[PDB]
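Report on the structure given below.
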Amino acid sequence: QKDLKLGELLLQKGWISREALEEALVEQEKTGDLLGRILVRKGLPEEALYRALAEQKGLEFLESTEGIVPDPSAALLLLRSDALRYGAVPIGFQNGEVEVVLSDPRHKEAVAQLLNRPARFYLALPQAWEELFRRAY
Amino acid sequence: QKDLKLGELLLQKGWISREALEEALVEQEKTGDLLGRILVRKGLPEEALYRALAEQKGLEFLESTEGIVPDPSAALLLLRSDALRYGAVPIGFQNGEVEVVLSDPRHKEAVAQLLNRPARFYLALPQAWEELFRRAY
Amino acid sequence: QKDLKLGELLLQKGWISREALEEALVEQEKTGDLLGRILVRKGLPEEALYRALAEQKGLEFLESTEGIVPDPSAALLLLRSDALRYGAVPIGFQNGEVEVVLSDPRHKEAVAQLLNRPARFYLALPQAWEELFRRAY
Amino acid sequence: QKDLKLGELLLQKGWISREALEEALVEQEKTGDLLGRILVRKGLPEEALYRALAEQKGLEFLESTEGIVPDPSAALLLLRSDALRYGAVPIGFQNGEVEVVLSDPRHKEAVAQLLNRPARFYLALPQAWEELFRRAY
Amino acid sequence: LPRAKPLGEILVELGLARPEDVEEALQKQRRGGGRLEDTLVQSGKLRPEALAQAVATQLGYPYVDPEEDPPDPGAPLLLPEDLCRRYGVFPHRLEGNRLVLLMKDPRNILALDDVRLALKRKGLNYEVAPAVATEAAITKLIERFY
Amino acid sequence: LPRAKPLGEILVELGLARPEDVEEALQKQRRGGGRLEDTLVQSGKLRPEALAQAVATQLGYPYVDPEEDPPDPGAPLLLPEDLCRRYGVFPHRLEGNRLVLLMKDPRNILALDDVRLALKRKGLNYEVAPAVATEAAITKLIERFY
Amino acid sequence: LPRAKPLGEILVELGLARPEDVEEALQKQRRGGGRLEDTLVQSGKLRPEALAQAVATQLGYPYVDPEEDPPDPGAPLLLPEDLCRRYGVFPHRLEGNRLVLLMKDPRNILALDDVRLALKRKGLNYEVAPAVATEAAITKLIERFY
Amino acid sequence: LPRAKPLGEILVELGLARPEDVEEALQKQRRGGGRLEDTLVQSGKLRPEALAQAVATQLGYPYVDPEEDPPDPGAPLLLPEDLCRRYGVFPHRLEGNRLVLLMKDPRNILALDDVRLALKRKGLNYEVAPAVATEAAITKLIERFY
């Protein structure tokens, strides 16, 4: 349930409008999805979402489309289409370890997935995540 | 159930009348409410309680809810009446760290309420701790 | 189980009349009762017994309840009559051992108290136990 | 069965008379008792056997009845007469410890006695064994 | 009270010492040259607890109990034994350069500040975030790290 | 170097400072001599996010959370706590010659130069790309490793 | 210290000696170079156990048996092994500036002042509470805990 | 001291040696100036068997094989290897002040004196709790622990 406050940090960074925050929050309370993956599209860039969120939830920062690698061994838990609406996907796979891309670390329902092996959460650019989603699973 | 005994430290530092201790212990068995929470009202001058309790459990001797802000999600975990006889509305709620500011960590029957997960204890004045409910539930 | 000859320190350290030992030793040998509690009152001071048992069993002699402070972890649940009749309270921890204060470490029904955890046993006089009765619960 | 010929060394060392060796050795093969033990008192000072055992078998070199303390907790494990022929008194007891002190760990007829629990061999005289058994058996 | 007012009188407010003890200590500091707290300790008036309970409260500083409270093992790299002894202080919890300057008497702000500056002489660029423990516990705490 | 855009003006482009705040900081470069980047942090002409984001925007940097973002054991070996705290920095993951350096101001060349000599004399080839984080975590990253 | 009664004389009061043993042993130490506390038994008069229980008694302190009483490790490290061995003493309970010192001879001021200095180097400004023990028992205590 | 029944002649009386070997040992006395005792074994004249029983006979000693008898690992440090091997001795179980010193000849007073001093200067209070054993096996035992 906690982070160093999504929405608010994004507003402080000049990344979202006050309206993006509030409408997104209404959608959060209405749907169960949380504010972060909701702020985006309501005014927030996903890049901005992810950058602030990385600071907010204990995440190690991830790479661009020239960096992060797809792997069904880990990704077979979150479908490219779930990954797409979520904004998140597992990264690579060791027999004893998975690295994971988050979107919104507060999205209670979704952040509960991804970890398809002992694993660690990370976060960065949506460009990377989209290409990753579509190849990973 | 380990402590330096509320009511005894209180008498030792000039914090209570002896009668506060004796009657509050009776009410503490007959109603089951915490001795300390009861002592304030039975003849203990507020801060006097918390300072003894902080000595009893080796706790930080704290400031008010200006800084010690409660958690409404955690507050709604307990019936506020459970939390009130307990002597605190919880702050935070980690699996190995609920933050609790009890009015009497000594009282063996009400002290046993609330902590579905163990607490790390700290403690300030009752003004703060009752405000802690006003600020959460 | 080995010891350093219960009864011998009592004589050698000038703690008893030899009579305490011989009568008591005979009762241990003939009745099956234990030499520790058997020895006292036979020409053996209570203090004298406990200092011998303390050394003989690798245990420690205790002073009055200014020293033998009960541990509420158990003492608030413990009946005052248990503190008195076993002459015993389980206390704190050290290494993995929890202290057992006892009226007689040879008297295994009392050493039994505590033993959910490893323990070193500690020793004291009937008055230590009556005072502990009076203060512990 | 094997060792550095327990009991023959004694002749070499002047510890026994020639006659002691010849008689005891005939008795060894004839009776099953072994030369080491059989030689005592055949022209063999018992101590000299222990010098030989300390040398030919390697048992911890211990002492006579004025040295080694009897203890029925263990002595009752083996019959005094056979034990005397065997050459040992089992001494002392902890749940995890018994000492066995033996004059003839060659004894083809019964060498395996006593050390069938957390115990090991030590070395001392029949003089001690008989007296220590009579004092505790 | 306790609040701003000197140790002794604030001890009265928490039942730690009486108006009489604090007045005699004031009479003593007239030649003693110390603070009410120092003459209360010097005159044999204070309990280690008396100090800790009222002084922390006095300045909005925490009263901490070192048997449990953050006996930070890296904090002696900022306020070492040398300095611990100099002011009757101990380095509870580091915060950047900051130090929870556990002290027998934070009422003596200038002593907290002298330590602050002395922290630079030993380690990081200070910033005292002071506290007090039972004076006896401050002593035991210091012993635990040297 | 680093160069690219000026920090002050970027703070403003992000809507995280007034040009008026940038100018006062510049006046500090005339009223003390620190450069715009030093003067902004010294004069408080940066919304916290302005500094961090503006530099991340100005030059190009990652957003991390140092509480968990790997405090590589080589990091306390690499850059000492006194220096680290003075310049608001602490190494995270060491990457061969390179470094992800936690830093309050990834553009401030003076701060970076003092850091550089330490990161040059020990561990790395400097090759530093400082990271963005809340000061609370910068503080904790420096604080916890030494 | 405290000054103490003569050891032999306290043994007389306890029914453990004649004044003849006290003075004869005293005349022995006057030539021998040892203490009355040693010569009561070195002169072959009084039992060393009697002497051991009696010296603390001689001072108003208890008999404490070293094979029983807990040698709180801080205490033997507080007062070094060589220094302990030197006086026939072994450290126990600590509090504030206090140390219980279990001695074959509680009267032995060489310990108490050299101990004082050791305690002060550690951080305790002395307040030793001598207690007495059988020399062999503290010998074993000394052998077992530094 | 020690005294009792002289080793030379008893080595012979036991039927384990000739008077001629006592004399050749004595020739070492004539060619070195030591005692019988010493030379009976040091010059290699009287049989080891003679010494096993005779040394044991002269003063009262046990005889034991060092390769097996519990060679108390701390005891080897009680007598530094060259002060151990030169005299054919090895420290076994310690008994408080006492040492079970296993030696080729516990009556060889020259070798024994060098060892005794080592067992007080380097060792315990000597108070030997001795035994007899060939030098070869003893030496192997010494080597195993130093």
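By convention in this document, the chains of the structure tokens carry letters A, B, ... by their order, each chain's residues are numbered from 1, and ligands are numbered from 1 in the order they are shown.
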
Quick one: contact table of chain C to chain G, 9 Å max, nearest atom pair and distance in Å to one decimal per residue, counting only C-alpha atoms, chain and number order, as CSV?
```
residue,atom,partner,partner_atom,distance
C:12,CA,G:49,CA,8.5
C:13,CA,G:49,CA,6.7
C:14,CA,G:50,CA,8.3
C:51,CA,G:68,CA,8.4
C:54,CA,G:68,CA,6.4
C:55,CA,G:68,CA,5.2
C:56,CA,G:68,CA,8.8
C:58,CA,G:68,CA,6.6
C:59,CA,G:68,CA,6.4
C:60,CA,G:68,CA,5.5
C:61,CA,G:68,CA,7.5
```

Output N, CA, C and O atoms for every residue in the selection just made, as a PDB file, in the first residue's frame.
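Writing done, so here's result_34.pdb:
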```pdb
ATOM      1  N   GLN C  12      33.657 -28.005  54.374  1.00  0.00           N
ATOM      2  CA  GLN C  12      34.975 -27.472  54.048  1.00  0.00           C
ATOM      3  C   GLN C  12      35.046 -25.944  54.029  1.00  0.00           C
ATOM      4  O   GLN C  12      36.071 -25.370  54.390  1.00  0.00           O
ATOM      5  N   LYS C  13      33.956 -25.279  53.647  1.00  0.00           N
ATOM      6  CA  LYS C  13      33.913 -23.823  53.602  1.00  0.00           C
ATOM      7  C   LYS C  13      33.412 -23.261  54.951  1.00  0.00           C
ATOM      8  O   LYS C  13      33.230 -22.052  55.107  1.00  0.00           O
ATOM      9  N   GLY C  14      33.162 -24.135  55.945  1.00  0.00           N
ATOM     10  CA  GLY C  14      32.717 -23.686  57.266  1.00  0.00           C
ATOM     11  C   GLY C  14      31.258 -23.250  57.298  1.00  0.00           C
ATOM     12  O   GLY C  14      30.872 -22.395  58.095  1.00  0.00           O
ATOM     13  N   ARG C  51      24.903 -21.462  49.022  1.00  0.00           N
ATOM     14  CA  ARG C  51      26.239 -21.169  48.530  1.00  0.00           C
ATOM     15  C   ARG C  51      26.945 -22.482  48.134  1.00  0.00           C
ATOM     16  O   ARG C  51      27.636 -22.547  47.114  1.00  0.00           O
ATOM     17  N   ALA C  54      25.371 -23.734  44.911  1.00  0.00           N
ATOM     18  CA  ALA C  54      25.745 -22.843  43.844  1.00  0.00           C
ATOM     19  C   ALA C  54      27.079 -23.248  43.272  1.00  0.00           C
ATOM     20  O   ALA C  54      27.238 -23.539  42.087  1.00  0.00           O
ATOM     21  N   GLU C  55      28.050 -23.403  44.138  1.00  0.00           N
ATOM     22  CA  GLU C  55      29.348 -23.801  43.654  1.00  0.00           C
ATOM     23  C   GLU C  55      29.314 -25.222  43.081  1.00  0.00           C
ATOM     24  O   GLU C  55      29.783 -25.474  41.968  1.00  0.00           O
ATOM     25  N   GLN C  56      28.701 -26.144  43.813  1.00  0.00           N
ATOM     26  CA  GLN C  56      28.709 -27.557  43.459  1.00  0.00           C
ATOM     27  C   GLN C  56      28.053 -27.916  42.160  1.00  0.00           C
ATOM     28  O   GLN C  56      28.480 -28.874  41.515  1.00  0.00           O
ATOM     29  N   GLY C  58      27.661 -25.592  39.643  1.00  0.00           N
ATOM     30  CA  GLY C  58      28.030 -24.600  38.621  1.00  0.00           C
ATOM     31  C   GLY C  58      26.969 -23.504  38.483  1.00  0.00           C
ATOM     32  O   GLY C  58      26.759 -22.944  37.398  1.00  0.00           O
ATOM     33  N   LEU C  59      26.275 -23.254  39.574  1.00  0.00           N
ATOM     34  CA  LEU C  59      25.169 -22.333  39.692  1.00  0.00           C
ATOM     35  C   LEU C  59      25.544 -21.108  40.522  1.00  0.00           C
ATOM     36  O   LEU C  59      26.693 -20.961  40.923  1.00  0.00           O
ATOM     37  N   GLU C  60      24.603 -20.190  40.724  1.00  0.00           N
ATOM     38  CA  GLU C  60      24.925 -18.968  41.493  1.00  0.00           C
ATOM     39  C   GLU C  60      23.988 -18.606  42.651  1.00  0.00           C
ATOM     40  O   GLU C  60      22.769 -18.527  42.478  1.00  0.00           O
ATOM     41  N   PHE C  61      24.585 -18.327  43.822  1.00  0.00           N
ATOM     42  CA  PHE C  61      23.853 -17.871  45.002  1.00  0.00           C
ATOM     43  C   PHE C  61      23.242 -16.503  44.798  1.00  0.00           C
ATOM     44  O   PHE C  61      23.911 -15.574  44.349  1.00  0.00           O
TER      45      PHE C  61
END
```

Contacts of residue 94 of chain F at 9 Å (only C-alpha atoms; same-chain gap of 2+ positions) as a PyMOL selection string: chain F and resi 72+74-75+91-92+96-101+123-124

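Placed on chain C by a least-squares fit of every C-alpha atom, chain D shows an RMSD of 3.7 Å.
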
Test item, alpha helix (DSSP H) assignment across segment 30-100 of chain F, answer as a ChimeraX atom specification: /F:30,36-43,48-55,74-78,81-86

With N, CA, C and O atoms retained, could you export that selection as a tab-separated table (two decimals), in the first residue's frame?
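The resulting file, again_21.tsv, is shown below:
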```
chain	number	residue	atom	x	y	z
F	30	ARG	N	28.43	36.14	-8.53
F	30	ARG	CA	29.06	37.45	-8.43
F	30	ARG	C	29.25	37.88	-6.94
F	30	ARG	O	30.04	38.78	-6.65
F	36	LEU	N	26.79	29.03	-11.26
F	36	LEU	CA	25.35	28.81	-11.20
F	36	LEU	C	24.95	27.52	-10.45
F	36	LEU	O	24.19	27.60	-9.50
F	37	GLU	N	25.50	26.36	-10.80
F	37	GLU	CA	25.13	25.13	-10.10
F	37	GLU	C	25.40	25.14	-8.59
F	37	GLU	O	24.63	24.58	-7.79
F	38	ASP	N	26.45	25.84	-8.16
F	38	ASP	CA	26.80	25.86	-6.76
F	38	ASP	C	25.93	26.87	-6.10
F	38	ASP	O	25.43	26.65	-5.00
F	39	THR	N	25.69	27.94	-6.80
F	39	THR	CA	24.95	29.02	-6.23
F	39	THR	C	23.51	28.70	-6.08
F	39	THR	O	22.87	29.17	-5.16
F	40	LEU	N	22.99	27.87	-6.96
F	40	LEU	CA	21.61	27.50	-6.84
F	40	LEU	C	21.42	26.62	-5.64
F	40	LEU	O	20.48	26.80	-4.86
F	41	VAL	N	22.34	25.66	-5.44
F	41	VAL	CA	22.17	24.78	-4.30
F	41	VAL	C	22.50	25.51	-3.00
F	41	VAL	O	21.84	25.30	-1.99
F	42	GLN	N	23.47	26.41	-3.05
F	42	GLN	CA	23.82	27.22	-1.89
F	42	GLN	C	22.75	28.23	-1.54
F	42	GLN	O	22.50	28.49	-0.36
F	43	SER	N	22.12	28.83	-2.55
F	43	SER	CA	21.13	29.87	-2.33
F	43	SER	C	19.71	29.31	-2.19
F	43	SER	O	18.81	30.04	-1.77
F	48	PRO	N	13.76	21.10	-4.80
F	48	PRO	CA	14.53	19.87	-4.71
F	48	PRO	C	14.49	19.07	-6.00
F	48	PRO	O	15.53	18.66	-6.54
F	49	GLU	N	13.28	18.89	-6.53
F	49	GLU	CA	13.09	18.21	-7.78
F	49	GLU	C	13.68	18.98	-8.92
F	49	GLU	O	14.07	18.40	-9.92
F	50	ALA	N	13.75	20.30	-8.79
F	50	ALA	CA	14.26	21.06	-9.88
F	50	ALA	C	15.67	20.72	-10.06
F	50	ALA	O	16.11	20.43	-11.14
F	51	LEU	N	16.40	20.66	-8.97
F	51	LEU	CA	17.81	20.37	-9.10
F	51	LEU	C	18.03	19.02	-9.70
F	51	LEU	O	18.74	18.86	-10.69
F	52	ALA	N	17.42	18.03	-9.09
F	52	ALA	CA	17.66	16.68	-9.50
F	52	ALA	C	17.20	16.39	-10.91
F	52	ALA	O	17.93	15.80	-11.71
F	53	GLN	N	16.02	16.90	-11.25
F	53	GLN	CA	15.41	16.64	-12.52
F	53	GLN	C	16.04	17.50	-13.56
F	53	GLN	O	16.24	17.06	-14.69
F	54	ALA	N	16.33	18.74	-13.21
F	54	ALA	CA	16.94	19.61	-14.16
F	54	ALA	C	18.27	19.09	-14.52
F	54	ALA	O	18.58	19.10	-15.69
F	55	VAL	N	19.03	18.56	-13.58
F	55	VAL	CA	20.31	18.05	-14.00
F	55	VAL	C	20.08	16.78	-14.85
F	55	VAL	O	20.71	16.58	-15.91
F	74	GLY	N	31.99	-2.01	-2.95
F	74	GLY	CA	33.11	-1.28	-3.49
F	74	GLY	C	32.89	0.22	-3.33
F	74	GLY	O	33.84	0.97	-3.32
F	75	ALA	N	31.64	0.64	-3.19
F	75	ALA	CA	31.24	2.03	-3.04
F	75	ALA	C	31.85	2.71	-1.79
F	75	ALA	O	32.44	3.78	-1.94
F	76	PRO	N	31.78	2.13	-0.56
F	76	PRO	CA	32.44	2.71	0.60
F	76	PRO	C	33.93	2.58	0.52
F	76	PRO	O	34.66	3.38	1.10
F	77	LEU	N	34.40	1.60	-0.25
F	77	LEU	CA	35.83	1.47	-0.42
F	77	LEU	C	36.32	2.62	-1.32
F	77	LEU	O	37.34	3.27	-1.05
F	78	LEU	N	35.56	2.84	-2.39
F	78	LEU	CA	35.74	3.82	-3.45
F	78	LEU	C	35.68	5.28	-3.05
F	78	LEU	O	36.57	6.05	-3.42
F	81	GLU	N	33.26	8.57	3.35
F	81	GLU	CA	32.07	9.21	3.93
F	81	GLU	C	32.14	10.72	4.12
F	81	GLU	O	31.12	11.41	4.01
F	82	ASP	N	33.32	11.28	4.40
F	82	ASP	CA	33.38	12.72	4.64
F	82	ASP	C	33.16	13.44	3.32
F	82	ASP	O	32.33	14.34	3.22
F	83	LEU	N	33.90	13.02	2.32
F	83	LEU	CA	33.80	13.55	0.98
F	83	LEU	C	32.39	13.32	0.47
F	83	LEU	O	31.75	14.23	-0.06
F	84	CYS	N	31.92	12.08	0.61
F	84	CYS	CA	30.61	11.74	0.10
F	84	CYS	C	29.55	12.65	0.66
F	84	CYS	O	28.71	13.18	-0.07
F	85	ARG	N	29.61	12.91	1.95
F	85	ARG	CA	28.60	13.76	2.50
F	85	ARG	C	28.79	15.21	2.05
F	85	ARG	O	27.82	15.84	1.64
F	86	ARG	N	30.03	15.71	2.03
F	86	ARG	CA	30.27	17.10	1.59
F	86	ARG	C	29.71	17.42	0.21
F	86	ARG	O	29.23	18.53	-0.02
```

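Closest to chain B among C:120, C:106, C:89, C:76 is C:76, based on only C-alpha atoms.
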
Show me a table, sorted first by chain and then by increasing residue number, of the residues of chain C having an atom at most 12 Å from chain D, each with its shortest atom pair and the distance in Å to one decimal, counting only C-alpha atoms and written as a tab-separated table.
```
residue	atom	partner	partner_atom	distance
C:1	CA	D:94	CA	4.9
C:2	CA	D:94	CA	6.5
C:3	CA	D:94	CA	10.3
```

Those residues with N, CA and C atoms, as a tab-separated table (two decimals), in the first residue's frame please?
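That gives us out20.tsv:
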```
chain	number	residue	atom	x	y	z
C	1	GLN	N	24.03	-37.44	37.44
C	1	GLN	CA	24.61	-36.18	36.99
C	1	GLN	C	25.66	-35.72	37.99
C	2	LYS	N	26.81	-35.31	37.47
C	2	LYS	CA	27.94	-34.89	38.30
C	2	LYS	C	27.74	-33.57	39.05
C	3	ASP	N	28.41	-33.46	40.20
C	3	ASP	CA	28.47	-32.22	40.98
C	3	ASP	C	29.80	-32.20	41.72
```
